[PDB]
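Engineer: Take a look at the following structure, please.
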Ligand SMILES: Nc1ncnc2c1ncn2[C@@H]1O[C@H](CSCC[C@H](N)C(=O)O)[C@@H](O)[C@H]1O
Ligand SMILES: O=c1[nH]cnc2c(O)cc(-c3ccc(F)cc3)c(-c3ccc(F)cc3)c12
Ligand SMILES: [Cl-]
Ligand SMILES: [Mg+2]
């Protein structure tokens, strides 16, 4: 088995079905005590929770699902009827994520899409019936942050006030994306310093609020 399967089995055996908080706690315990993994983690996850609660988004897009940690974290705070779409290129991870969300009781709130973000984003409107997005969580691969931001704009998926929240802008770092949003009048940007998941290493999140064309 893989590390990702081990994390899923740990949750299934150490959390309560239907209890998203217990799922997060189990993942964080496994990843602290047994095997590190690239979940957003609790430190940065607390900042994400504060953002989600501020904005109460009705439609969230996540780029990069992995094992479902961030999807559980965000979906547990959504209001009735609000929805998360998450894109994941790795089919094994997509299957873990679906199972993780089912265990957590959040499957009615989330649609896990299996493919590359750059291929799926242009299909959101016609195929997935999206008008505009309220929030985007960027957490897939550093070199895709800038091109997929520009693609979201091209496709008419951002509106005035859409919140982009980007992980890992310090480690590994996303210098092109940061330079771009911080220099563009189309974004209002805030940096939230924190720590790399499970590590005493500085990292951070960037919030970039779209201001229209
Ligand atoms: N272009 C792309 N489109 C979709 N998923 C991608 C991608 N490039 C990488 N990924 C996926 O992005 C994930 C990064 S890890 C995601 C962690 C998750 N947000 C959490 O915090 O729990 C991996 O599972 C990887 O397969
Ligand atoms: O790619 C990532 N996507 C989404 N979130 C990630 C994250 O939160 C952390 C890391 C990360 C891994 C190892 C490390 F020492 C420091 C940071 C990565 C990542 C970076 C470079 C890599 F080569 C492979 C993984 C990702
Ligand atoms: Cl952490
Ligand atoms: Mg990350």
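We count from 1, first residue shown onward.
From the backbone N, Cα and C atoms, a Cβ is placed for every residue, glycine too.
Just lifted these from Swiss-Prot, have a look:
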BINDING   139, 167, 168  Mg(2+) binding site
BINDING   142, 168, 197  substrate binding site
Engineer: So which of the binding-site residues is most packed in, judged by how many other Cβ atoms lie within 10 Å of its Cβ, out of 139, 167, 197?
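Structural biologist: Output for this query is 167.
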Engineer: Can you tell me whether DSSP puts residue 142 (substrate binding site) in helix, strand or coil?
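Structural biologist: Once the DSSP labels are grouped into three classes, residue 142 (substrate binding site) ends up as helix.
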Engineer: May I have the list of same-chain residues other than 139, 167, 168 whose Cβ is within 8 Å of the Cβ centroid of the recorded Mg(2+) site, in sequence order?
Structural biologist: 40, 44, 64, 137, 138, 140, 166, 169, 205
Engineer: Taking the centroid of the Cβ atoms of 142, 168, 197 as the substrate site, which other residues of that chain lie with their Cβ within 8 Å of it, listed in sequence order?
Structural biologist: 38, 139, 167, 169, 171, 172, 196, 203
Engineer: Which binding-site residues, if any, among 139, 142, 167, 168, 197 have a Cβ under 6 Å from ligand 1, given in order along the chain?
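Structural biologist: If the test is a Cβ under 6 Å from any atom of ligand 1, the answer is 139.
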Engineer: Which number gives the other C-beta atoms within 10 angstroms of the C-beta of residue 168 (Mg(2+) binding site), all protein chains shown included?
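Structural biologist: The answer is 24 other Cβ atoms.
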